[PDB]
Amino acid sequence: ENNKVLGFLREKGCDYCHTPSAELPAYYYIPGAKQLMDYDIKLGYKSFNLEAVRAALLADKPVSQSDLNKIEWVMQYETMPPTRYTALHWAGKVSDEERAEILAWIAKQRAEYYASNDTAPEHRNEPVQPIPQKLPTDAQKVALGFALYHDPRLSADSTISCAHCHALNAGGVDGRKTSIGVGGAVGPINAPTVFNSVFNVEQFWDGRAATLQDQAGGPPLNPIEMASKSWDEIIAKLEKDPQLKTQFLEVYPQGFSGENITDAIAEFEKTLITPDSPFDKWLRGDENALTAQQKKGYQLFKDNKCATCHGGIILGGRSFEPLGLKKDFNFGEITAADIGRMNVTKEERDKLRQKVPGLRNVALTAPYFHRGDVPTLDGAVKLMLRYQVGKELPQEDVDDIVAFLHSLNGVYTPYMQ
């Protein structure tokens, strides 16, 4: 049944536009439309990478939620292949039968791997899931991580803790365009929320850190941020604190180290989740948790492809997408921060790609985009319609999507109670 889906993808010529492609032979091309056809071949690949899906299918593994979300969408609205190629020898039209089957195969992929038991039956096939209400953690290590998160001694100055860039009462963020580090260093990119970071595939806009623990070793030693020379410098200061040291040795009787401080902080960060958004309560069957407008907004959100990228538990955070997918973005000049994932991979296709932001709590993490230059949700939604979807929408529909986004404010239970 995996093989049935693979047979279909091969049959219909999807791989011609959604894999890395040689210049095709001349008899594939429509006279008068060679350029549009080359542009379509490239945009296909930029938009959707079928080699990822083929690879997962053949190891019998889960297809990513973004890839299911994309495929569902194209099947739902009957977009693929583009209708102008379907009378060609190499590209097939897709029948109602076949569409219904793919849509069914997605639904059982989502049921096997992604849907949660506690969401209402009617909503188990959504491209999105509620935040789990609890993650298992080690309570003693959480208490350490909580103290270290808020300890300015990890910075050269002893003035900056993690909280300076990620205040837990202000959405996990500093509310600045980009963050201000030691010596007043102005940083290169907008600081994302620590809320629900645990659900990201990888951490940092470029995805250069694999886990929360690896991420936590970054800012302490980054000259642009906390700017400590070494863990030795930091520990020489933490060592003079009995209360903290005594508690620390209780866990990790090895003593202070980068490994162990980053581990403590990471464990704390697994408690920085925000379940019971009005949206999540609605996914769990409470029909009155959303307004009429927010339900419409949610429908619009799916209709305009937002859930293709912003899917899963945190409505994003799961994949790397180019800023300017469907239309070149007005960078003015492209900086190293705009280059994004390519800094990590060195791959041309990753140029300008950026971890899709989870939209959980987005109403609380202004300003927006990685540049920190988009001050409102109205703006961010419009800019995403133009550049990521290739579309305009009337005001009233934008207002509705924005209302829906306000529904994603979860509930953080403060550590101390």
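In case it trips you up, residue 1 is the first one in the sequence shown, and so on.
Given 238-246 and 169-177, the range whose Cα B-factors average higher in the PDB entry:
Higher mean C-alpha B-factor: 238-246.
Of 111-119 and 256-264, the one with larger mean CA B-factor
Mean C-alpha B-factor is greater for 111-119.
Just to confirm, going by the entry's C-alpha B-factors, which of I334, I102, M80, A91 comes out highest?
By C-alpha B-factor in the record, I102 ranks first.
Which of these has the highest Cα B-factor in the record: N222, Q293, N190, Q203?
It is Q293.
Ranking the modelled residues of this chain by C-alpha B-factor as given in the entry, is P136 in the lowest, middle or highest third?
Tercile = highest for this residue's CA B-factor.
Would the CA B-factor of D328 place it in the lowest, middle or highest third of its chain?
For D328, whose C-alpha B-factor we compare with every modelled residue in the chain, the answer is the highest third.
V186: which third of its chain by C-alpha temperature factor?
It belongs to the middle third of the chain when residues are ordered by C-alpha B-factor.
Select lowest, middle or highest to describe the third in which the CA B-factor of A22 falls within its chain in this entry.
Answer is highest: the recorded C-alpha B-factor places it there.
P62's Cα B-factor: lowest, middle or highest third of the chain?
As the PDB entry reports it, the C-alpha B-factor of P62 lands in the highest third of its chain.
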